[PDB]
C-alpha cells in the first residue's frame, strides 16, 4: 500500500516525459504516446500537494573514523545554485 | 609622594572601560571558534 500510494501520488502524466533518440520519426512516437499512454491524467488531482520545498544547506562535517580502512575518502562542498541558474556554466 | 596619582586613575578608568569592552568580545571570539567542539555529537557503531 505504501508503494501503490507513492506510485499514484507520483507517476502522473504531467511529471513524465516519453523520450526517444535514433532512427525514429516524431509522429510515430507521438502516435505511440497517444496509443499506449492516453489515460493517465484522465483524472488529475484536486488538492493533492505535489510541491517541492527548498532544502536548507548546512555548513557542517561528518567524520566516520575507521583506521581499518586502507585509504581515506573525503568530499567537500559548498552550496550550489541549482539546475536552472546560468552560473552553472 | 605620588605625583602620578591623578593620571594613573584616569588611565585606570580607561583600563576598566576598555577591559569591559574587550573581555566580553574576546570571550565571544573564543566561544565562536569553540562552538564546533562544544556542540559536536559522537556515535559508536562497531560491527
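No Cβ is skipped: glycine too gets one built from the backbone with ideal geometry, and neighbour counts run over all protein chains shown. Here, each number is a calculation from the coordinates, and none is a lab measurement.
Among the numbered criteria (1) surrounded by 10 or more Cβ atoms within 10 Å (Cβ to Cβ); (2) more than 30 Å from residue B:37 (Cβ to Cβ), which single criterion is violated by residue A:79?
(2)
Every residue, every condition in (1) more than 14 Å from chain A (Cβ to nearest Cβ); (2) within 30 Å of residue A:69 (Cα to Cα); (3) part of a loop (DSSP other than H, G, I, E, B), yes or no:
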position	(1), (2), (3)
B:7	yes, no, no
B:13	yes, no, no
B:16	yes, no, no
B:20	yes, no, no
B:25	yes, no, no
B:29	yes, no, no
B:34	yes, yes, no
B:37	no, yes, no
B:43	no, yes, yes
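Do any residues in region A:18-40 that are more than 14 Å from chain B (Cβ to nearest Cβ) have Cβ atoms under 6 Å from those of residues that are surrounded by 10 or more Cβ atoms within 10 Å (Cβ to Cβ) and assigned to a loop (DSSP other than H, G, I, E, B), where the two are at least six apart or on different chains, and which pairs are they?
Taking only residues 6 or more apart or on different chains, the pairs are A:29/A:20; A:33/A:18.
Name the single residue, out of those in region A:1-17 being exposed (fewer than 10 other Cβ atoms within 10 Å of the Cβ) and part of a loop (DSSP other than H, G, I, E, B), that is farthest from the other protein chains (Cβ to nearest Cβ). Working first, answer last.
Looking only at region A:1-17, we keep the residues that are exposed (fewer than 10 other Cβ atoms within 10 Å of the Cβ), and these are A:1-5, A:14-15, A:17.
Checking which are part of a loop (DSSP other than H, G, I, E, B) leaves us with A:1, A:17.
Numbers: A:1: 32, A:17: 41 Å.
Filtering region A:1-17 for residues that are exposed (fewer than 10 other Cβ atoms within 10 Å of the Cβ) and part of a loop (DSSP other than H, G, I, E, B), the one farthest from the other protein chains (Cβ to nearest Cβ) comes out as A:17.
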